[PDB]
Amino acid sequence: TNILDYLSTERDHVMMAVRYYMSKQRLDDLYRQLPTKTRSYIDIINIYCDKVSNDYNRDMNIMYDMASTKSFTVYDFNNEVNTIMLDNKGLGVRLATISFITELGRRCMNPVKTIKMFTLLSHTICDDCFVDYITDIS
C-alpha cells in the first residue's frame, strides 16, 4: 500500500538510499560489460515496451486491478503466460507481457521477490518465437 509508508524512520531512508546505490551501480556496470549485440537488443526492447507501456497505460492498470482482487501468485501466472505462448505466436502478446510485468515490478517493494519474478518470467517470455522477432530488427 504505497511507498512513503515503509520509509518510517531515519534509518529506513539511509538504508533505502544505500540499497538503491548498490542496485544502480551493479546495473550500470552491467550495461558497460555488455557486448554491443546485447546492447542493441536492449535498445530495441526499450523503445517497444516504453511505447507499449505508454500507449496501453490504462490497460496495464486495468490488468493490475484484475490481478489484485483475486488470490493470485507469480507461479500460476508464469504458467498461464506459458500456455498463451504455445498458441499465440504474435509479437504483441509478448511485448504486452513484458510491459505488464514491468508494471507489477514498479509497484512491488521487495527487491528480492521482484527480481525472482523478472527472472522467471523473462525465461518464459523469451521463447524461440520472441527471439526470432528481436534478432531480425535493428
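Numbering starts at 1 and runs along the sequence shown.
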Of 128-136 vs 3-11, the stretch with the larger average CA B-factor in the entry is 3-11
The stretch whose C-alpha atoms carry the larger average B-factor in the entry, 35-43 or 98-106, is 35-43
From the entry's CA B-factor values, the highest among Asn57, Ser68, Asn88, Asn82 is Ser68
Temperature factor at the Cα of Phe72, chain-ranked in thirds, falls in the highest
